[PDB]
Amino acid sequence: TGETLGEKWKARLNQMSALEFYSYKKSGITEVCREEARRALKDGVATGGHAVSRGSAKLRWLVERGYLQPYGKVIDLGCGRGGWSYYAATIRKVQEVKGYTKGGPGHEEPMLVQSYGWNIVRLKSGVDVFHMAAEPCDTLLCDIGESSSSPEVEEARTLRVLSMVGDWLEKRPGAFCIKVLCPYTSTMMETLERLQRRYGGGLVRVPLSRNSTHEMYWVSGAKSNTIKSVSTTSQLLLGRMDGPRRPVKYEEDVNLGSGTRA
């Protein structure tokens, strides 16, 4: 014993055969159709309203449910191509969005499309956020966390993220959404519950997430129990390994429109 359910799921995950993992990573998950979005971005239709990545539909799913209500100044730590930034520009109460990513050889460089509100969005690449000082903001976004086959490695990097956002949350942002890659260890649930008492909010699982990751999102509009919501998600991914394979629930990708904003 000694293992959490999430630590049990990870061990079983690492022991699946090639196809067993292949047919499981998207068994029963929701997924937006990205075929026509890439073809228009590959060609260059910047005013078609196409999302730059799958991150737009994931963040949209959270906002269309009030899991957070962005407004005012928005900071997007780890913007990559800008899926979260280009969607936040379409929110009415949002007035300004600033993005920061690393980019480089093995990372995503920001894309410049013109969906609705593109003129208020800036994406500065080559920025290490862990060495960047925190600014006062209205809403804070963070989608940083690379996957590892080791739960202890995912633990360490997830903790590095939550310490970094500690000074950003200290700038009293009104709303926030922070990616929690590994929330299933004993220390994480201890850590997250400590940050919750202090900064509020709650942990949420997104159906668009693959079953190959235990990531959950720490949003400001939720008030779910720390240990209960994780264990519910740990049991979900475990139950999806045992039974028969399930189809993917496809849905239409988000369209962000076009045009400028004053």
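The first residue of the sequence shown is number 1, and the count goes up from there. Just so we're on the same page, rigid core means the largest C-alpha set that superposes within 1.5 Å between forms.
Taken in 4 other deposited structures of this protein and fitted on the core, 102 to 110 and 78 to 86 differ in how far their Cα atoms move from the shown form, and the one that moves more is 102 to 110. Between 124 to 132 and 188 to 196, the higher mean Cα B-factor belongs to 124 to 132.
Judged by mean Cα B factor in the deposited record, 102 to 110 ranks above the other of 102 to 110 and 141 to 149.
Between the residues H50, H214, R65, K228, the entry's highest C-alpha temperature factor is the one at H50.
By the numbers in the PDB entry, the CA B factor is greatest at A46 among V219, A46, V206, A57. When the modelled residues of the chain are ordered by C-alpha B-factor, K223 sits in the lowest third. Remark: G2 belongs to the highest third of its chain, ranked by C-alpha B-factor as recorded. Sort the modelled residues of the chain by CA B factor and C33 lands in the middle third.
The entry lists a Cα temperature factor for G166 that places it in the highest third of the chain's modelled residues. The PDB entry assigns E155 a C-alpha temperature factor belonging to the lowest third of its chain's modelled residues.
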